[PDB]
Structures are given as C-alpha cells and as structure tokens.
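Peer 1: Structure: start.csv, CSV, C-alpha atoms and all ligand atoms.
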```csv
chain,number,residue,atom,x,y,z
L,6,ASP,CA,0.0,0.0,0.0
L,7,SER,CA,0.8,3.8,0.0
L,8,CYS,CA,0.3,4.2,3.8
L,9,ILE,CA,2.3,6.6,6.1
L,10,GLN,CA,3.3,5.3,9.6
L,11,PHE,CA,3.4,7.1,13.0
L,12,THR,CA,6.7,5.8,14.5
L,13,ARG,CA,5.6,6.2,18.2
L,14,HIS,CA,2.0,4.8,17.8
L,15,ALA,CA,2.7,1.3,19.1
L,16,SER,CA,4.6,2.6,22.2
L,17,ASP,CA,1.9,5.2,22.9
L,18,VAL,CA,-0.8,2.5,22.7
L,19,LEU,CA,1.1,0.3,25.2
L,20,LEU,CA,1.8,3.2,27.5
L,21,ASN,CA,-2.0,3.9,27.6
L,22,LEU,CA,-2.8,0.1,28.1
L,23,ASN,CA,-0.4,0.2,31.1
L,24,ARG,CA,-2.2,3.4,32.5
L,25,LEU,CA,-5.5,1.6,32.2
L,26,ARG,CA,-4.0,-1.4,34.1
L,27,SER,CA,-2.7,0.8,36.9
L,28,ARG,CA,-6.2,2.4,37.3
L,29,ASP,CA,-7.9,-1.0,37.1
L,30,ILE,CA,-9.9,0.2,34.0
L,31,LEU,CA,-11.6,-2.5,31.9
L,32,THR,CA,-9.3,-5.2,33.4
L,33,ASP,CA,-11.2,-8.5,32.8
L,34,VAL,CA,-9.2,-11.2,34.6
L,35,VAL,CA,-7.3,-11.8,37.8
L,36,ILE,CA,-4.2,-14.1,37.6
L,37,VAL,CA,-3.6,-15.9,40.9
L,38,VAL,CA,0.0,-16.9,41.7
L,39,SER,CA,-0.1,-18.7,45.1
L,40,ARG,CA,-1.0,-16.0,47.7
L,41,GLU,CA,-0.8,-13.1,45.1
L,42,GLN,CA,-3.4,-11.7,42.6
L,43,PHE,CA,-2.7,-9.6,39.5
L,44,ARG,CA,-5.4,-7.8,37.5
L,45,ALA,CA,-4.9,-7.6,33.8
L,46,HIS,CA,-6.5,-7.3,30.3
L,47,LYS,CA,-6.9,-10.8,28.6
L,48,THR,CA,-6.0,-9.3,25.2
L,49,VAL,CA,-2.6,-7.9,26.4
L,50,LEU,CA,-1.8,-11.3,28.1
L,51,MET,CA,-2.7,-13.2,24.9
L,52,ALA,CA,-0.6,-10.7,22.8
L,53,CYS,CA,2.5,-11.4,25.0
L,54,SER,CA,2.3,-15.0,26.1
L,55,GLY,CA,1.9,-18.3,24.2
L,56,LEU,CA,0.3,-19.8,27.4
L,57,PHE,CA,-2.3,-17.0,27.7
L,58,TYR,CA,-3.0,-17.1,23.9
L,59,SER,CA,-3.8,-20.8,24.3
L,60,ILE,CA,-5.9,-20.3,27.5
L,61,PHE,CA,-8.1,-17.4,26.3
L,62,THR,CA,-8.7,-18.9,22.8
L,63,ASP,CA,-10.2,-22.0,24.6
L,64,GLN,CA,-14.0,-22.0,24.2
L,65,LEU,CA,-14.5,-22.6,28.0
L,66,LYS,CA,-11.5,-20.8,29.5
L,67,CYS,CA,-12.1,-17.6,27.5
L,68,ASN,CA,-15.0,-16.8,29.8
L,69,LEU,CA,-13.2,-17.3,33.1
L,70,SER,CA,-12.5,-14.2,35.3
L,71,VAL,CA,-9.9,-16.0,37.5
L,72,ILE,CA,-6.9,-18.1,36.2
L,73,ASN,CA,-4.8,-20.0,38.7
L,74,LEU,CA,-1.2,-20.5,37.7
L,75,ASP,CA,0.9,-23.6,38.6
L,76,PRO,CA,2.0,-23.5,42.4
L,77,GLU,CA,5.7,-23.6,41.3
L,78,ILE,CA,5.4,-20.2,39.7
L,79,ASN,CA,7.1,-17.4,41.7
L,80,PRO,CA,4.8,-14.3,42.2
L,81,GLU,CA,7.8,-11.8,41.9
L,82,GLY,CA,8.8,-13.5,38.6
L,83,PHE,CA,5.2,-13.2,37.4
L,84,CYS,CA,5.1,-9.5,38.5
L,85,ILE,CA,8.3,-8.7,36.5
L,86,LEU,CA,6.9,-10.4,33.4
L,87,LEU,CA,3.5,-8.8,33.7
L,88,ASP,CA,5.3,-5.4,33.9
L,89,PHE,CA,7.4,-6.3,30.8
L,90,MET,CA,4.2,-7.2,28.9
L,91,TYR,CA,2.8,-3.7,29.6
L,92,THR,CA,6.0,-1.7,29.2
L,93,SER,CA,8.7,-3.6,27.0
L,94,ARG,CA,11.0,-3.1,30.1
L,95,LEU,CA,12.4,-6.2,31.9
L,96,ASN,CA,13.7,-5.8,35.4
L,97,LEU,CA,16.3,-8.6,35.1
L,98,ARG,CA,18.6,-9.0,38.2
L,99,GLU,CA,21.1,-11.6,39.5
L,100,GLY,CA,18.6,-12.2,42.4
L,101,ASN,CA,15.6,-12.8,40.1
L,102,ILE,CA,17.0,-14.2,36.8
L,103,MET,CA,16.3,-17.9,37.6
L,104,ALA,CA,12.6,-17.1,38.7
L,105,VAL,CA,12.1,-14.8,35.6
L,106,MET,CA,13.5,-17.5,33.2
L,107,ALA,CA,11.3,-20.3,34.7
L,108,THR,CA,8.2,-18.1,34.6
L,109,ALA,CA,9.0,-16.9,31.0
L,110,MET,CA,9.4,-20.6,29.9
L,111,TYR,CA,6.0,-21.5,31.5
L,112,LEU,CA,4.3,-18.4,30.0
L,113,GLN,CA,5.9,-19.2,26.6
L,114,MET,CA,7.6,-15.8,26.2
L,115,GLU,CA,10.5,-16.8,23.9
L,116,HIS,CA,12.4,-13.5,23.7
L,117,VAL,CA,12.6,-13.2,27.5
L,118,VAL,CA,13.8,-16.9,27.8
L,119,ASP,CA,16.4,-16.0,25.2
L,120,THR,CA,17.9,-12.9,27.0
L,121,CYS,CA,17.8,-14.9,30.4
L,122,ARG,CA,19.8,-17.8,28.8
L,123,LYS,CA,22.3,-15.3,27.4
L,124,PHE,CA,22.7,-13.4,30.7
L,125,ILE,CA,23.2,-16.8,32.6
L,126,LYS,CA,25.8,-18.1,30.0
L,127,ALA,CA,27.8,-14.8,30.4
L,128,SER,CA,28.0,-15.4,34.3
L,129,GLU,CA,29.4,-19.0,34.0
A,6,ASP,CA,15.7,1.5,37.2
A,7,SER,CA,18.2,-1.0,35.7
A,8,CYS,CA,15.7,-2.6,33.2
A,9,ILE,CA,16.6,-3.9,29.7
A,10,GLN,CA,14.1,-3.2,26.9
A,11,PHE,CA,12.9,-5.3,23.9
A,12,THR,CA,12.8,-2.8,21.0
A,13,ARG,CA,10.1,-4.7,19.0
A,14,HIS,CA,7.8,-5.5,21.9
A,15,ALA,CA,5.2,-2.7,21.5
A,16,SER,CA,5.0,-3.4,17.7
A,17,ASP,CA,4.6,-7.2,18.3
A,18,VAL,CA,1.8,-6.5,20.9
A,19,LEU,CA,-0.1,-4.3,18.4
A,20,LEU,CA,0.4,-6.9,15.6
A,21,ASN,CA,-1.2,-9.5,17.8
A,22,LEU,CA,-4.0,-7.2,18.9
A,23,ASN,CA,-4.8,-6.6,15.2
A,24,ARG,CA,-4.7,-10.5,14.6
A,25,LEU,CA,-7.2,-10.9,17.4
A,26,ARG,CA,-9.4,-8.1,15.9
A,27,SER,CA,-9.3,-9.8,12.4
A,28,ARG,CA,-10.4,-13.2,14.0
A,29,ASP,CA,-13.1,-11.4,16.1
A,30,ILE,CA,-11.4,-12.7,19.3
A,31,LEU,CA,-12.4,-11.1,22.6
A,32,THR,CA,-13.8,-8.0,20.8
A,33,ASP,CA,-16.2,-6.4,23.2
A,34,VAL,CA,-17.9,-3.5,21.3
A,35,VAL,CA,-19.4,-2.8,17.9
A,36,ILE,CA,-19.0,0.8,16.6
A,37,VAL,CA,-21.9,1.7,14.3
A,38,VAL,CA,-21.2,4.3,11.6
A,39,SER,CA,-24.5,4.9,9.7
A,40,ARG,CA,-25.1,1.6,7.8
A,41,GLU,CA,-21.7,0.1,8.8
A,42,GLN,CA,-20.6,-1.9,11.8
A,43,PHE,CA,-17.0,-2.3,13.1
A,44,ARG,CA,-16.1,-4.8,15.9
A,45,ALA,CA,-13.2,-3.8,18.2
A,46,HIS,CA,-11.6,-4.0,21.6
A,47,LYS,CA,-12.6,-1.1,24.0
A,48,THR,CA,-9.1,-0.9,25.4
A,49,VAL,CA,-7.4,-0.3,22.0
A,50,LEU,CA,-10.0,2.3,21.1
A,51,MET,CA,-9.4,4.1,24.5
A,52,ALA,CA,-5.6,3.9,24.0
A,53,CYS,CA,-5.9,5.6,20.5
A,54,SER,CA,-8.8,8.1,20.8
A,55,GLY,CA,-9.7,10.9,23.3
A,56,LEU,CA,-13.4,10.4,22.4
A,57,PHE,CA,-13.3,6.6,23.1
A,58,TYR,CA,-11.2,7.2,26.3
A,59,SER,CA,-14.0,9.6,27.5
A,60,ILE,CA,-16.8,7.2,26.5
A,61,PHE,CA,-15.4,4.0,28.0
A,62,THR,CA,-14.3,5.7,31.3
A,63,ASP,CA,-18.0,6.8,31.7
A,64,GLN,CA,-19.7,4.7,34.5
A,65,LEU,CA,-22.7,3.9,32.3
A,66,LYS,CA,-21.2,3.9,28.8
A,67,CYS,CA,-18.3,1.6,29.8
A,68,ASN,CA,-20.9,-1.3,29.9
A,69,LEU,CA,-22.4,-0.7,26.5
A,70,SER,CA,-21.7,-3.3,23.7
A,71,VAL,CA,-22.9,-0.9,20.9
A,72,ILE,CA,-21.8,2.7,20.3
A,73,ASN,CA,-23.4,4.8,17.6
A,74,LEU,CA,-21.3,7.5,16.1
A,75,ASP,CA,-22.6,10.9,14.9
A,76,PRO,CA,-24.4,10.5,11.5
A,77,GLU,CA,-22.0,13.0,9.8
A,78,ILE,CA,-19.1,10.5,10.3
A,79,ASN,CA,-18.0,8.8,7.1
A,80,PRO,CA,-17.7,4.9,7.5
A,81,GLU,CA,-14.6,4.8,5.1
A,82,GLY,CA,-12.9,7.5,7.2
A,83,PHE,CA,-13.7,5.5,10.4
A,84,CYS,CA,-12.4,2.3,8.8
A,85,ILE,CA,-9.1,4.0,7.8
A,86,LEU,CA,-8.7,5.3,11.4
A,87,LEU,CA,-9.6,2.0,13.0
A,88,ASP,CA,-6.9,0.3,10.8
A,89,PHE,CA,-4.4,3.0,11.9
A,90,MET,CA,-5.3,2.4,15.6
A,91,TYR,CA,-4.4,-1.4,15.2
A,92,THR,CA,-1.4,-1.0,12.9
A,93,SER,CA,0.3,2.6,13.1
A,94,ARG,CA,-0.4,2.7,9.3
A,95,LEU,CA,-2.6,5.5,7.9
A,96,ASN,CA,-4.0,5.1,4.3
A,97,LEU,CA,-4.1,8.8,3.6
A,98,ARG,CA,-5.1,9.7,0.0
A,99,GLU,CA,-6.3,12.8,-1.9
A,100,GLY,CA,-9.8,11.1,-2.2
A,101,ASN,CA,-10.2,10.5,1.5
A,102,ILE,CA,-8.1,13.2,3.4
A,103,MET,CA,-11.1,15.5,4.1
A,104,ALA,CA,-13.1,12.5,5.6
A,105,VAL,CA,-10.1,11.2,7.5
A,106,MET,CA,-9.3,14.6,9.0
A,107,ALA,CA,-13.0,15.2,10.1
A,108,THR,CA,-13.2,11.7,11.6
A,109,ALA,CA,-9.8,12.2,13.4
A,110,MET,CA,-11.0,15.6,14.8
A,111,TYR,CA,-14.3,13.9,16.1
A,112,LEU,CA,-12.3,10.9,17.5
A,113,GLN,CA,-9.7,13.3,19.1
A,114,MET,CA,-6.7,11.7,17.4
A,115,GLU,CA,-4.3,14.8,17.4
A,116,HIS,CA,-1.3,13.2,15.5
A,117,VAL,CA,-3.6,12.2,12.6
A,118,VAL,CA,-5.3,15.7,12.6
A,119,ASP,CA,-1.7,17.2,12.5
A,120,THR,CA,-0.5,15.1,9.4
A,121,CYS,CA,-3.8,15.8,7.6
A,122,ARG,CA,-3.5,19.6,8.1
A,123,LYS,CA,0.2,19.4,6.8
A,124,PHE,CA,-0.8,17.3,3.7
A,125,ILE,CA,-3.7,19.8,3.0
A,126,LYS,CA,-1.5,22.9,3.4
A,127,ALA,CA,1.2,21.4,1.0
A,128,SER,CA,-1.6,21.0,-1.8
A,129,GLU,CA,-2.8,24.7,-1.6
F,1,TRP,CA,5.4,10.3,10.4
F,2,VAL,CA,7.5,8.2,8.0
F,3,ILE,CA,7.3,6.2,4.7
F,4,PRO,CA,7.3,2.6,6.2
Q,1,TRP,CA,17.4,-6.0,23.7
Q,2,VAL,CA,18.8,-2.6,24.6
Q,3,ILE,CA,19.7,-0.4,27.5
Q,4,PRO,CA,16.7,2.1,27.3
M,1,LIG,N1,-2.9,-12.7,21.0
M,1,LIG,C1,-2.2,-13.3,20.2
M,1,LIG,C2,-1.5,-14.1,19.3
M,1,LIG,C3,-1.9,-14.2,18.0
M,1,LIG,CL1,-3.4,-13.6,17.5
M,1,LIG,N2,-1.2,-14.8,17.0
M,1,LIG,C4,0.0,-15.3,17.4
M,1,LIG,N3,0.5,-15.2,18.6
M,1,LIG,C5,-0.2,-14.6,19.6
M,1,LIG,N4,0.3,-14.5,20.8
M,1,LIG,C6,1.4,-15.2,21.3
M,1,LIG,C7,1.6,-16.5,20.9
M,1,LIG,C8,2.8,-17.2,21.2
M,1,LIG,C9,3.8,-16.4,21.8
M,1,LIG,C10,3.6,-15.1,22.1
M,1,LIG,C11,2.4,-14.5,21.8
M,1,LIG,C12,5.0,-14.6,22.6
M,1,LIG,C13,5.8,-15.8,22.5
M,1,LIG,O1,7.0,-15.9,22.9
M,1,LIG,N5,5.1,-16.8,22.1
M,2,LIG,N1,-6.7,4.6,27.3
M,2,LIG,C1,-6.3,5.6,27.5
M,2,LIG,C2,-5.7,6.9,27.9
M,2,LIG,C3,-5.2,7.1,29.2
M,2,LIG,CL1,-5.3,5.9,30.3
M,2,LIG,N2,-4.5,8.2,29.5
M,2,LIG,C4,-4.5,9.1,28.6
M,2,LIG,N3,-4.9,9.1,27.4
M,2,LIG,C5,-5.6,8.0,27.0
M,2,LIG,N4,-6.0,7.8,25.7
M,2,LIG,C6,-6.2,8.9,24.9
M,2,LIG,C7,-6.7,10.1,25.3
M,2,LIG,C8,-6.6,11.3,24.5
M,2,LIG,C9,-6.1,11.1,23.3
M,2,LIG,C10,-5.6,9.9,22.8
M,2,LIG,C11,-5.7,8.8,23.6
M,2,LIG,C12,-5.0,10.2,21.5
M,2,LIG,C13,-5.2,11.6,21.2
M,2,LIG,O1,-4.9,12.3,20.2
M,2,LIG,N5,-5.8,12.1,22.3
M,3,CL,CL,-14.2,-17.6,37.0
M,4,CL,CL,8.8,-12.2,25.0
M,5,CL,CL,-25.6,-2.0,24.4
M,6,CL,CL,-3.2,9.9,16.6
```
Spell out the structure here as structure tokens.

Peer 2:
Amino acid sequence: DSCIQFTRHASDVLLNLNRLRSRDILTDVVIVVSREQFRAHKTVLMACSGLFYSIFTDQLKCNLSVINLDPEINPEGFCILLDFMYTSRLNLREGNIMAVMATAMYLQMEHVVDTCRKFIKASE
Amino acid sequence: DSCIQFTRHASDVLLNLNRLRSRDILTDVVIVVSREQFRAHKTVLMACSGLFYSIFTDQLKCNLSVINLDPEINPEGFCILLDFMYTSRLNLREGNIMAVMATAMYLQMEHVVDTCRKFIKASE
Amino acid sequence: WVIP
Amino acid sequence: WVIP
C-alpha cells in the first residue's frame, strides 16, 4: 500500500494500556499466583504469552474471570513479566533471573527466555 | 531503574491485537457508523482516541456493547482510522483526506489531525 | 510520520 | 534487547 506510519504509535498504545491497568480500567481477569493476585487485560496477556494465547482462545477458559497458575510459579517472577508485557521493560537482576526465566518458559515468552539464557551463560 | 528493553515488543503486541481483531477474538464492542458496523476492543479504542477514552471511562457507557457515532461520520474515514489504531499505518489519499481529518477531529486523534493539516497545506 |  |  501507499500508507504513512506514525513511529511512536505502538509505544503510545502500550503506555495507555499500562495506564488503564494501573487504574484497574476494563481489566477482565485476575491471575492468581499462590497468595498473590494480579489484575490484567486478557487481550494484552494473549498478545505477549503463548500460554495466555492458548488459554483465552479456549471455548470454556475464554469466559473465566480468574486463572490460577501452577503453584511452582514465583509471584515476583510473574510480576516482573507482567510489567514487561505492559511496558517492554524487563527488570532482570542476579537475584531474580532464575525465577524470571522459569516463569517466561511457563508463560511461553521466547524473547525473555532468550535474554535470560544469554545473561546466565555470560556469568558462568 | 536498571531494566533492559525489547525494542520490537510494542509493535509485536499491536500486531497480535490486530490479529485478534481480524479473527473477532475477545472483541467487546461494535461501533456503528451509519449503515456500517465495526467490531473492536474497547481498550485499544481508548488507548488511541480521546473520544473513546472519555466514552469507556464513563460509569454507564463503559458497559455498552454498541456505540453509535454521529451520522455525519464517514464509514470509510472511520475504517481507515480504526486500521491506523491497530497498525500505526494511515492510508491517507487525496480522495479520503477530508473525511479522515474530520473523523480524526471527532475521535480526538491529534497526531492524525496534524498530518492531515500538513498534507492539505502542501496542496494549496 | 514516515514512509514505512 | 537494549539499555533504554
Ligand atoms: N494474541 C495473540 C497471538 C496471535 Cl493472535 N497470534 C499469534 N501469537 C499470539 N500471541 C502469542 C503466541 C505465542 C507467543 C507469544 C504471543 C509470545 C511468545 O514468545 N510466544
Ligand atoms: N486509554 C487511555 C488513555 C489514558 Cl489511560 N490516559 C491518557 N490518554 C488515554 N487515551 C487517549 C486520550 C486522549 C487522546 C488519545 C488517547 C490520542 C489523542 O490524540 N488524544
Ligand atoms: Cl471464574
Ligand atoms: Cl517475549
Ligand atoms: Cl448496548
Ligand atoms: Cl493519533
């Protein structure tokens, strides 16, 4: 086509989706990770995670308002990844890298798994 | 913070939101523009448009599944802008620029209004 | 705005 | 991945 493109559009959309999340506006699911709960938008979760894409395209699970993650999933690891989904920013630290990588593998977030593997290999 | 950032994340999220829209997955509103209907995600509309941000933060309108636009709004103009919202690509042409600009003014999409004004000024 |  |  003969379209023009607004460079910052995708980033501005994501910034606004994060603002809606912070104000709990039109959030439609709560992700339970052991004793912790995280409110989010199903569409954003599906757009970032192979696991959520599978869950919310399921004819029964698409209608659930609560999703319980595997008890082995670390809440801080999940929190860091949920923040990444809404911002493109990953708070990767020596103290959380193992939990972040395990959570990214479970959530099926290949690019996060890739940078975790690379950061781990550099430290060995 | 000490975060790392994935450059393509925002663009990949938007590409997936557009794929969900094309397959009518978790779309939660229909925008009626005279004889035409457009299915979309309320969160994406709010993230792109001052008008939709106002509508869906309203305590009564947030729950509506159908929104009827002003009868002066051109469906093709709306279609071009809805595509822009989900892709960052604006199909701006001599034959549609007036309708696109009027629709962008109504929807409160300042960056689109700005490029339309500039393209119009260049042709006079 | 750019030519993509 | 980059340093933002
Ligand atoms: N929503 C949506 C969606 C669609 Cl529509 N099409 C294709 N992928 C989608 N999302 C999704 C699927 C697999 C993975 C990711 C996202 C990130 C990753 O590492 N794996
Ligand atoms: N959703 C959301 C949203 C939030 Cl949370 N905060 C601030 N603006 C939001 N969206 C929004 C408001 C005004 C305009 C646009 C988008 C594009 C434009 O030209 N004007
Ligand atoms: Cl439920
Ligand atoms: Cl990823
Ligand atoms: Cl309704
Ligand atoms: Cl805009």

Peer 1: Figure out the distance between CA of residue 52 (chain A) and CA of residue 18 (chain L), please, to one decimal in Å.

Peer 2: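 Separation between CA of residue 18 (chain L) and CA of residue 52 (chain A): 5.2 Å.
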
Peer 1: Do you know which residues are within 7 Å of ligand CL 6 (chain M) using all atoms listed in the file? Can you write them as a compact mmCIF listing (two decimals) with C-alpha atoms, keeping the file's coordinate frame?

Peer 2:
```
# COMPACT_ATOMS: atom_id res chain seq x y z
CA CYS A 53 -5.90 5.60 20.50
CA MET A 114 -6.70 11.70 17.40
CA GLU A 115 -4.30 14.80 17.40
CA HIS A 116 -1.30 13.20 15.50
CA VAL A 117 -3.60 12.20 12.60
```

Peer 1: Compute the set of protein, DNA and RNA residues whose minimum atom distance to ligand CL 4 (chain M) is at most 10 Å, using all atoms listed in the file, and state it as a CSV table (one decimal) with C-alpha atoms, keeping the file's coordinate frame.

Peer 2:
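In the end it all went to out_35.csv:
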```
chain,number,residue,atom,x,y,z
L,52,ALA,CA,-0.6,-10.7,22.8
L,53,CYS,CA,2.5,-11.4,25.0
L,54,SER,CA,2.3,-15.0,26.1
L,55,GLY,CA,1.9,-18.3,24.2
L,86,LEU,CA,6.9,-10.4,33.4
L,89,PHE,CA,7.4,-6.3,30.8
L,90,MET,CA,4.2,-7.2,28.9
L,93,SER,CA,8.7,-3.6,27.0
L,95,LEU,CA,12.4,-6.2,31.9
L,109,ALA,CA,9.0,-16.9,31.0
L,110,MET,CA,9.4,-20.6,29.9
L,112,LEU,CA,4.3,-18.4,30.0
L,113,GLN,CA,5.9,-19.2,26.6
L,114,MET,CA,7.6,-15.8,26.2
L,115,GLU,CA,10.5,-16.8,23.9
L,116,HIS,CA,12.4,-13.5,23.7
L,117,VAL,CA,12.6,-13.2,27.5
L,118,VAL,CA,13.8,-16.9,27.8
L,119,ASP,CA,16.4,-16.0,25.2
L,120,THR,CA,17.9,-12.9,27.0
A,11,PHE,CA,12.9,-5.3,23.9
A,13,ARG,CA,10.1,-4.7,19.0
A,14,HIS,CA,7.8,-5.5,21.9
A,17,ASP,CA,4.6,-7.2,18.3
A,18,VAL,CA,1.8,-6.5,20.9
```

Peer 1: Give me the residues near residue 2 (chain Q) as a PDB file with C-alpha atoms, in the frame of the given file, where near means some atom within 9 Å (using only C-alpha atoms) and where sequence neighbours in that chain fewer than 2 positions away do not count.

Peer 2:
```
ATOM      1  CA  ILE A   9      16.600  -3.900  29.700  1.00  0.00           C
ATOM      2  CA  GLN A  10      14.100  -3.200  26.900  1.00  0.00           C
ATOM      3  CA  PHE A  11      12.900  -5.300  23.900  1.00  0.00           C
ATOM      4  CA  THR A  12      12.800  -2.800  21.000  1.00  0.00           C
TER       5      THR A  12
ATOM      6  CA  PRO Q   4      16.700   2.100  27.300  1.00  0.00           C
TER       7      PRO Q   4
END
```

Peer 1: Do a neighbour search on residue 75 (chain L) at 10 Å with only C-alpha atoms, toss out local chain neighbours closer than 6 positions, and write the hits as a ChimeraX atom specification.

Peer 2: /L:37-39,108,111

Peer 1: I'd like to know which of A:72, A:30, A:58, A:80 is closest to ligand CL 5 (chain M), using all atoms listed in the file.

Peer 2: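 Of A:72, A:30, A:58, A:80, the one nearest ligand CL 5 (chain M), counting all atoms listed in the file, is A:72.
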
Peer 1: So which residues are near ligand CL 3 (chain M), meaning at most 7 Å away with only C-alpha atoms and all ligand atoms counted, given back as a list in words?

Peer 2: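 The residues within 7 Å of ligand CL 3 (chain M), counting only C-alpha atoms and all ligand atoms, are residues 69, 70 and 71 of chain L.
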
Peer 1: Separation of atom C5 of ligand LIG 2 (chain M) and CA of residue 46 (chain L), in Å?

Peer 2: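 Calculated distance between atom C5 of ligand LIG 2 (chain M) and CA of residue 46 (chain L) is 15.7 Å.
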
Peer 1: Between A:21, A:59, A:16, A:32, which is the closest to ligand LIG 2 (chain M) once you count only C-alpha atoms and all ligand atoms?

Peer 2: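 That would be A:59, the residue with the smallest distance to ligand LIG 2 (chain M).
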
Peer 1: One number please: CA of residue 68 (chain L) to CA of residue 83 (chain L), in Å, one decimal.

Peer 2: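 For CA of residue 68 (chain L) relative to CA of residue 83 (chain L), the distance reads 21.9 Å.
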
Peer 1: Find the residues of chain A that sit at most 8 Å from ligand LIG 1 (chain M); for each, write down the nearest two atoms and how far apart they are in Å, to one decimal. Count only C-alpha atoms and all ligand atoms. Sort by chain, then by number going up, and give it as a tab-separated table.

Peer 2:
```
residue	atom	partner	partner_atom	distance
A:18	CA	M:LIG1	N1	7.8
A:20	CA	M:LIG1	CL1	7.9
A:21	CA	M:LIG1	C1	4.6
A:22	CA	M:LIG1	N1	6.0
A:23	CA	M:LIG1	CL1	7.5
A:24	CA	M:LIG1	CL1	4.4
A:25	CA	M:LIG1	CL1	4.7
A:28	CA	M:LIG1	CL1	7.8
```

Peer 1: Convert the current residue selection to file output with C-alpha atoms, as a short mmCIF file (atom, residue, chain, number, x, y, z; two decimals), in the frame of the given file.

Peer 2:
```cif
data_model
loop_
_atom_site.label_atom_id
_atom_site.label_comp_id
_atom_site.auth_asym_id
_atom_site.auth_seq_id
_atom_site.Cartn_x
_atom_site.Cartn_y
_atom_site.Cartn_z
CA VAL A 18 1.80 -6.50 20.90
CA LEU A 20 0.40 -6.90 15.60
CA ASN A 21 -1.20 -9.50 17.80
CA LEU A 22 -4.00 -7.20 18.90
CA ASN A 23 -4.80 -6.60 15.20
CA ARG A 24 -4.70 -10.50 14.60
CA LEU A 25 -7.20 -10.90 17.40
CA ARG A 28 -10.40 -13.20 14.00
#
```

Peer 1: May I ask which of the residues L:128, L:79, L:48, L:92 is the closest one to chain Q, counting only C-alpha atoms?

Peer 2: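 Between L:128, L:79, L:48, L:92, the residue approaching chain Q most closely is L:92.
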
Peer 1: Kindly indicate which residue among A:15, A:67, A:127, A:74 lies nearest to ligand CL 5 (chain M), using only C-alpha atoms and all ligand atoms for the distances.

Peer 2: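 Of all the options, A:67 lies closest to ligand CL 5 (chain M).
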
Peer 1: When distances are computed from only C-alpha atoms and all ligand atoms, which of A:125, A:76, A:41, A:35 shows the smallest separation from ligand CL 5 (chain M)?

Peer 2: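 Of the candidates, the smallest distance to ligand CL 5 (chain M) is held by A:35.
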
Peer 1: From the options A:7, A:96, A:73, A:101, which residue's atoms come nearest to ligand CL 5 (chain M), counting all atoms listed in the file?

Peer 2: A:73

Peer 1: Since the input lacks atoms, please generate N, CA, C and O atoms for region 86-100 of chain A and provide them as an mmCIF file, in the frame of the given file.

Peer 2:
```cif
data_model
loop_
_atom_site.group_PDB
_atom_site.id
_atom_site.type_symbol
_atom_site.label_atom_id
_atom_site.label_comp_id
_atom_site.auth_asym_id
_atom_site.auth_seq_id
_atom_site.Cartn_x
_atom_site.Cartn_y
_atom_site.Cartn_z
ATOM 1 N N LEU A 86 -9.181 5.008 10.036
ATOM 2 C CA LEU A 86 -8.700 5.300 11.400
ATOM 3 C C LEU A 86 -8.632 4.115 12.303
ATOM 4 O O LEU A 86 -7.677 3.974 13.058
ATOM 5 N N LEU A 87 -9.636 3.231 12.227
ATOM 6 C CA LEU A 87 -9.600 2.000 13.000
ATOM 7 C C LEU A 87 -8.402 1.150 12.618
ATOM 8 O O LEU A 87 -7.689 0.641 13.484
ATOM 9 N N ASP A 88 -8.127 1.034 11.308
ATOM 10 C CA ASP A 88 -6.900 0.300 10.800
ATOM 11 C C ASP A 88 -5.667 0.949 11.381
ATOM 12 O O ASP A 88 -4.788 0.231 11.840
ATOM 13 N N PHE A 89 -5.579 2.292 11.351
ATOM 14 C CA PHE A 89 -4.400 3.000 11.900
ATOM 15 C C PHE A 89 -4.258 2.669 13.414
ATOM 16 O O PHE A 89 -3.131 2.404 13.876
ATOM 17 N N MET A 90 -5.355 2.685 14.180
ATOM 18 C CA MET A 90 -5.300 2.400 15.600
ATOM 19 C C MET A 90 -4.569 1.019 15.846
ATOM 20 O O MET A 90 -3.732 0.911 16.741
ATOM 21 N N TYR A 91 -4.930 0.005 15.044
ATOM 22 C CA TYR A 91 -4.400 -1.400 15.200
ATOM 23 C C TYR A 91 -3.098 -1.659 14.470
ATOM 24 O O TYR A 91 -2.559 -2.765 14.605
ATOM 25 N N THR A 92 -2.602 -0.707 13.666
ATOM 26 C CA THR A 92 -1.400 -1.000 12.900
ATOM 27 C C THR A 92 -0.289 0.085 12.853
ATOM 28 O O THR A 92 0.823 -0.228 12.382
ATOM 29 N N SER A 93 -0.621 1.356 13.228
ATOM 30 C CA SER A 93 0.300 2.600 13.100
ATOM 31 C C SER A 93 0.329 3.078 11.671
ATOM 32 O O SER A 93 0.988 4.088 11.452
ATOM 33 N N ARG A 94 -0.354 2.400 10.715
ATOM 34 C CA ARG A 94 -0.400 2.700 9.300
ATOM 35 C C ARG A 94 -1.640 3.491 8.909
ATOM 36 O O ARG A 94 -2.749 3.004 9.153
ATOM 37 N N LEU A 95 -1.472 4.683 8.309
ATOM 38 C CA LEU A 95 -2.600 5.500 7.900
ATOM 39 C C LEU A 95 -2.680 5.561 6.363
ATOM 40 O O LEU A 95 -1.757 6.056 5.713
ATOM 41 N N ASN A 96 -3.793 5.076 5.798
ATOM 42 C CA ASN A 96 -4.000 5.100 4.300
ATOM 43 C C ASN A 96 -4.546 6.433 3.940
ATOM 44 O O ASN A 96 -5.748 6.570 3.708
ATOM 45 N N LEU A 97 -3.675 7.448 3.885
ATOM 46 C CA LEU A 97 -4.100 8.800 3.600
ATOM 47 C C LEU A 97 -3.951 9.078 2.079
ATOM 48 O O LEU A 97 -2.868 8.903 1.510
ATOM 49 N N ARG A 98 -5.078 9.428 1.429
ATOM 50 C CA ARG A 98 -5.100 9.700 0.000
ATOM 51 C C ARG A 98 -5.872 10.961 -0.330
ATOM 52 O O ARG A 98 -6.702 11.408 0.469
ATOM 53 N N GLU A 99 -5.610 11.553 -1.505
ATOM 54 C CA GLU A 99 -6.300 12.800 -1.900
ATOM 55 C C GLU A 99 -7.830 12.615 -1.804
ATOM 56 O O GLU A 99 -8.497 13.532 -1.342
ATOM 57 N N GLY A 100 -8.341 11.440 -2.177
ATOM 58 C CA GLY A 100 -9.800 11.100 -2.200
ATOM 59 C C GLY A 100 -10.405 10.924 -0.816
ATOM 60 O O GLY A 100 -11.634 10.941 -0.701
#
```
